Amino acid sequence: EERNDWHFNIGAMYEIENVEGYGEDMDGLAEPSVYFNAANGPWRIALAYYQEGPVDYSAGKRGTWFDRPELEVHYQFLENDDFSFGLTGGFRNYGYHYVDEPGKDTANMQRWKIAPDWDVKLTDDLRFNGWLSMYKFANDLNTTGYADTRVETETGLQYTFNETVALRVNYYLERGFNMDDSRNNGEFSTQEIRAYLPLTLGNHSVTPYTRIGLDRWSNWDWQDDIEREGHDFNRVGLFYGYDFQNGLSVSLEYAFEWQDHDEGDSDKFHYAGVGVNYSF
């Protein structure tokens with residue numbers, strides 16, 4: 001299962017639009033995301049290629065045309081459904097970053113990424129997970145560094161009604177922190193919610209996304225009465241999963257257009273998304 005069998009993993013993402021409703025003056029746009037993995041006992045080698053920048057040009061605020069690949073490694077100390085201790089350390093490398101050094105056009109930034117893979121079972125149906133996203137910025141100078149130490153806790157819970165369709169609930173908890181002397185002023189803690197429920201049907205996968213939709217003060221759920229019919233105003237992300245058998249995983253991204261801020265710059269750049277993940 002997990003000792004010396006070697007697990008091959010490879011994925012590929014792609015972002016494309018509808019070539020605009022009226023007109024066509026854009027050929028090259030967005031770039032594909034490469035992914036690679038290898039499971040060898042308590043060491044999982046993951047190599048992904050990150051590159052973004054079709055033919056855009058800003059010059060002034062920031063720059064992201066160089067880009068580069070990334071590295072990831074997993075190390076599970078103990079393997080137990082009762083108390084599983086894991087640790088996935090990854091290395092991120094970004095090109096350009098910011099012009100300042102009169103020597104190289106692009107600069108390389110170093111960032112650490114650890115995730116204490118914590119797994120604990122409570123019952124014979126519900127599962128408990130815990131991922132702590134830790135980001136550590138590092139460079140060959142660091143004028144200011146912006147932040148100091150990033151720490152985000154994620155509590156995922158996957159429970160299936162009767163061994164089949166399980167609902168996933170991840171609770172994000174990000175908080176600011178600095179190594180100052182005695183000047184904190186008064187930071188704030190941001191908590192993001194995440195609702196999910198990966199379902200399958202023989203040879204078809206469907207995992208929707210949820211988080212927000214309404215807002216009230218006093219309200220309670222019903223028992224005899226149900227609000228399930230299909231006449232409610234909501235978005236709910238749609239993630240389709242095809243194949244998941246032949247060896248190649250085909251994913252699909254769907255999401256209509258809603259909400260806005262700019263009167264021309266648009267809120268988002270893309271709506272649909274195609275990505276695959278072949279593992280075996």
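Compared with the direct C-alpha span, the chain from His270 to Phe8 gains 91.3 nm at full extension, assuming 0.36 nm per residue. Net charge of the neighbourhood of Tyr75, taken over other residues with C-beta under 15 Å away and scored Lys/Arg +1, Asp/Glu -1, is -2.
Any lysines with Cα under 21 Å of the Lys104 Cα? List them, leaving off those in the same chain fewer than 8 positions away. By straight Cα distance, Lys104 reaches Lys61. Multiplying the residue separation of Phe177 and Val206 by 0.36 nm and removing their Cα-Cα distance gives an extension gain of 6.6 nm. Whole-percent P(r), the range 135-213, all Cα pairs, 5 Å bins from 0: 3, 11, 15, 15, 12, 11, 9, 9, 7, 5, 2, 0.
The label-point distance for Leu29 and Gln245, in a model that sets each label 7 Å from Cα toward Cβ, rounds to 3.5 nm. Centre-to-centre, using Cα atoms only, the range 227-280 and the range 106-124 are separated by 25 Å.
Between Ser58 and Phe85, residue separation times 0.36 nm minus the direct Cα-Cα distance comes to 5.3 nm.
Comparing Cα centroids, the range 1-33 and the range 130-166 end up 24 angstrom apart. What is the local net charge at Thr143, summed over the other residues whose Cβ is closer than 12 Å to its Cβ (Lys, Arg +1; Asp, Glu -1)? Counting the neighbours of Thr143, the net charge comes to -3.
For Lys104 and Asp224, a Förster radius of 51 Å and the Cβ-Cβ distance give a FRET efficiency of 0.15, rounded to the nearest 0.05. The value obtained for the range 122-280, namely the Cα convex hull volume divided by the number of residues, is 266 Å³ per residue. If you bin all the Cα-Cα distances of the chain at 5 Å, starting from zero, the percentages per bin are 1, 4, 7, 10, 14, 18, 15, 12, 9, 6, 2, 1, 0, 0, 0. Once you list every other residue whose beta carbon is under 10 Å from the beta carbon of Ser33, what net charge do they have if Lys and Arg are +1 and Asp and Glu are -1? Combined, the nearby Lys, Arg, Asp and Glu give -3.
Quick note: the coordinates plus some simple rules give every number you see, no bench work behind them. Heads up, the Cβs are rebuilt from the backbone with ideal geometry, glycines too, and the neighbour counts pull from every protein chain shown.
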